[PDB]
Amino acid sequence: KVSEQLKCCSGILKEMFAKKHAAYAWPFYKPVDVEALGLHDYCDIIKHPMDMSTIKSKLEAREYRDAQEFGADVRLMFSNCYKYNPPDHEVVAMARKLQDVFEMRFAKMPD
């Protein structure tokens, strides 16, 4: 039940990682590299970084009590992107495309 919803979450994150979505999902695969040129202020702006690899690790370590906790982290990931980046930045458009995939699957999780 919660077990079933957590399995659904794993499939969702699996699809997010799939070749199908790779053209827009790739910036979200790994933590933001705060040592990269231009990101020297990232941690000043973003208090709680999150990325898909970290989410994968947390699912695998059974650190989400339920699908709502999983969803919170996925949304945190997107919101950090919307907060930090200029609203016309290509990465914001990419985030939206990936979020469309997530929201549609997450909505259709049986309950």
# chains A, B, ... in the order shown; residues from 1 in each chain; ligands from 1

$ residues_around --residues "residue 43 in chain A" --least-positions-apart "3" --cutoff "10 Å" --atoms "only C-alpha atoms" --output "ChimeraX atom specification"
/A:32,34,39-40,46-49,84

$ write_last_selection --atoms "C-alpha atoms" --output "compact mmCIF listing (two decimals), in the first residue's frame"
# COMPACT_ATOMS: atom_id res chain seq x y z
CA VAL A 32 24.63 20.94 -8.54
CA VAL A 34 28.80 24.42 -6.47
CA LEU A 39 27.65 28.81 -8.98
CA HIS A 40 29.68 30.53 -6.18
CA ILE A 46 19.48 27.36 -2.04
CA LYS A 47 19.29 26.11 1.54
CA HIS A 48 18.37 22.50 0.65
CA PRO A 49 19.93 21.20 -2.57
CA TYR A 84 18.04 30.12 -8.46

$ residues_around --residues "residue 71 in chain A" --least-positions-apart "4" --cutoff "9 Å" --atoms "only C-alpha atoms" --output "NGL selection string"
:A and (9 or 66-67 or 75-76 or 102 or 106)

$ closest_residue --among "A:1, A:50, A:85, A:6" --to "residue 64 in chain A" --atoms "only C-alpha atoms"
A:6

$ select_by_dssp --residues "chain A" --states "alpha helix (DSSP H)" --output "PyMOL selection string"
chain A and resi 2-16+22-25+42-45+52-60+67-84+90-107

$ closest_residue --among "A:8, A:91, A:104, A:52" --to "residue 23 in chain A" --atoms "only C-alpha atoms"
A:91

$ atom_distance --atom1 "CA of residue 14 in chain A" --atom2 "CA of residue 83 in chain A"
25.4 Å

$ atom_distance --atom1 "CA of residue 24 in chain A" --atom2 "CA of residue 94 in chain A"
4.7 Å

$ residues_around --residues "residue 25 in chain A" --least-positions-apart "5" --cutoff "9 Å" --atoms "only C-alpha atoms" --output "VMD selection string"
chain A and resid 16 to 18 94 to 95 97 to 98

$ write_last_selection --atoms "N, CA and C atoms" --output "short mmCIF file (atom, residue, chain, number, x, y, z; two decimals), in the first residue's frame"
data_model
loop_
_atom_site.label_atom_id
_atom_site.label_comp_id
_atom_site.auth_asym_id
_atom_site.auth_seq_id
_atom_site.Cartn_x
_atom_site.Cartn_y
_atom_site.Cartn_z
N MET A 16 12.22 9.03 -15.18
CA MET A 16 12.90 10.33 -15.18
C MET A 16 14.35 10.23 -15.67
N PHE A 17 14.98 9.10 -15.33
CA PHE A 17 16.35 8.76 -15.73
C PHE A 17 16.48 8.13 -17.12
N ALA A 18 15.37 7.86 -17.78
CA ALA A 18 15.37 7.11 -19.04
C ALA A 18 15.85 7.99 -20.22
N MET A 94 13.70 23.21 -19.26
CA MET A 94 14.01 21.78 -19.10
C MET A 94 13.34 21.18 -17.84
N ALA A 95 13.46 21.92 -16.74
CA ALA A 95 12.85 21.59 -15.48
C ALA A 95 11.33 21.39 -15.65
N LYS A 97 9.65 20.63 -18.39
CA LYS A 97 9.40 19.43 -19.19
C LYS A 97 9.51 18.18 -18.32
N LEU A 98 10.52 18.13 -17.48
CA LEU A 98 10.69 16.99 -16.58
C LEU A 98 9.62 16.95 -15.51
#

$ closest_residue --among "A:68, A:99, A:80, A:10" --to "residue 31 in chain A" --atoms "only C-alpha atoms"
A:80

$ decode --residues "range 5-107 of chain A" --atoms "C-alpha atoms" --output "tab-separated table (two decimals), in the first residue's frame"
chain	number	residue	atom	x	y	z
A	5	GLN	CA	3.15	3.58	-3.62
A	6	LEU	CA	6.93	3.51	-2.90
A	7	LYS	CA	7.40	0.98	-5.75
A	8	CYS	CA	5.50	3.39	-8.03
A	9	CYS	CA	7.87	6.18	-6.91
A	10	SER	CA	10.86	4.02	-7.93
A	11	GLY	CA	9.32	3.49	-11.40
A	12	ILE	CA	8.68	7.24	-11.72
A	13	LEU	CA	12.32	8.06	-10.91
A	14	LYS	CA	13.42	5.25	-13.28
A	15	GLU	CA	11.44	6.93	-16.12
A	16	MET	CA	12.90	10.33	-15.18
A	17	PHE	CA	16.35	8.76	-15.73
A	18	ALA	CA	15.37	7.11	-19.04
A	19	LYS	CA	16.88	7.96	-22.49
A	20	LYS	CA	13.42	9.12	-23.57
A	21	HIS	CA	13.69	12.21	-21.28
A	22	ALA	CA	17.51	12.59	-21.23
A	23	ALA	CA	17.61	15.78	-23.40
A	24	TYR	CA	15.94	17.74	-20.64
A	25	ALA	CA	16.47	15.60	-17.51
A	26	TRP	CA	20.32	15.54	-17.52
A	27	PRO	CA	20.86	18.74	-15.44
A	28	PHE	CA	18.92	17.03	-12.61
A	29	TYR	CA	20.79	13.72	-12.54
A	30	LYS	CA	23.49	14.75	-10.05
A	31	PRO	CA	23.99	17.39	-7.34
A	32	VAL	CA	24.63	20.94	-8.54
A	33	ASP	CA	28.41	21.42	-8.70
A	34	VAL	CA	28.80	24.42	-6.47
A	35	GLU	CA	32.49	24.71	-7.40
A	36	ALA	CA	31.66	25.37	-11.07
A	37	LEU	CA	32.08	28.89	-12.59
A	38	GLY	CA	28.96	30.96	-11.90
A	39	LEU	CA	27.65	28.81	-8.98
A	40	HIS	CA	29.68	30.53	-6.18
A	41	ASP	CA	26.37	31.91	-4.73
A	42	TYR	CA	24.28	28.67	-5.09
A	43	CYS	CA	24.37	27.69	-1.39
A	44	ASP	CA	23.62	31.30	-0.37
A	45	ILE	CA	20.35	31.10	-2.32
A	46	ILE	CA	19.48	27.36	-2.04
A	47	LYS	CA	19.29	26.11	1.54
A	48	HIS	CA	18.37	22.50	0.65
A	49	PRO	CA	19.93	21.20	-2.57
A	50	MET	CA	18.34	18.10	-4.14
A	51	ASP	CA	18.90	16.02	-7.29
A	52	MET	CA	17.70	12.69	-8.80
A	53	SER	CA	20.76	10.67	-7.74
A	54	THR	CA	20.22	11.75	-4.12
A	55	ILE	CA	16.47	10.86	-4.41
A	56	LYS	CA	17.49	7.40	-5.84
A	57	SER	CA	19.81	6.86	-2.89
A	58	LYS	CA	17.11	7.87	-0.40
A	59	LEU	CA	14.54	5.49	-1.95
A	60	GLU	CA	17.14	2.73	-1.93
A	61	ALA	CA	17.93	3.44	1.73
A	62	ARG	CA	14.14	3.48	2.47
A	63	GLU	CA	14.30	7.08	3.80
A	64	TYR	CA	10.88	8.07	2.38
A	65	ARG	CA	8.07	7.01	4.73
A	66	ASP	CA	5.53	7.43	1.92
A	67	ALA	CA	5.01	8.80	-1.60
A	68	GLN	CA	4.33	12.28	-0.26
A	69	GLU	CA	7.90	12.47	1.18
A	70	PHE	CA	9.34	11.28	-2.16
A	71	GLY	CA	7.22	13.87	-4.03
A	72	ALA	CA	8.42	16.63	-1.62
A	73	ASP	CA	12.01	15.97	-2.62
A	74	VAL	CA	11.23	15.86	-6.34
A	75	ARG	CA	9.38	19.19	-6.01
A	76	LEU	CA	12.22	20.64	-3.86
A	77	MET	CA	14.56	19.79	-6.78
A	78	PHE	CA	12.40	21.67	-9.27
A	79	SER	CA	11.70	24.61	-6.97
A	80	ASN	CA	15.45	25.09	-6.33
A	81	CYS	CA	15.90	25.35	-10.12
A	82	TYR	CA	13.03	27.92	-10.41
A	83	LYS	CA	14.38	29.91	-7.42
A	84	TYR	CA	18.04	30.12	-8.46
A	85	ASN	CA	17.90	30.49	-12.26
A	86	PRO	CA	16.64	33.36	-14.35
A	87	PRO	CA	13.08	32.61	-15.42
A	88	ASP	CA	14.02	32.67	-19.17
A	89	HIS	CA	17.02	30.33	-18.68
A	90	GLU	CA	16.97	27.13	-20.84
A	91	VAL	CA	17.31	25.05	-17.65
A	92	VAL	CA	13.97	26.35	-16.31
A	93	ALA	CA	12.26	25.14	-19.53
A	94	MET	CA	14.01	21.78	-19.10
A	95	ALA	CA	12.85	21.59	-15.48
A	96	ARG	CA	9.24	22.23	-16.59
A	97	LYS	CA	9.40	19.43	-19.19
A	98	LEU	CA	10.69	16.99	-16.58
A	99	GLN	CA	8.20	18.21	-13.99
A	100	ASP	CA	5.35	17.55	-16.53
A	101	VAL	CA	6.45	13.89	-16.71
A	102	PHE	CA	6.70	13.65	-12.89
A	103	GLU	CA	3.35	15.36	-12.12
A	104	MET	CA	1.43	13.22	-14.63
A	105	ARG	CA	2.86	9.95	-13.25
A	106	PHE	CA	2.69	11.05	-9.65
A	107	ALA	CA	-1.00	12.02	-10.07
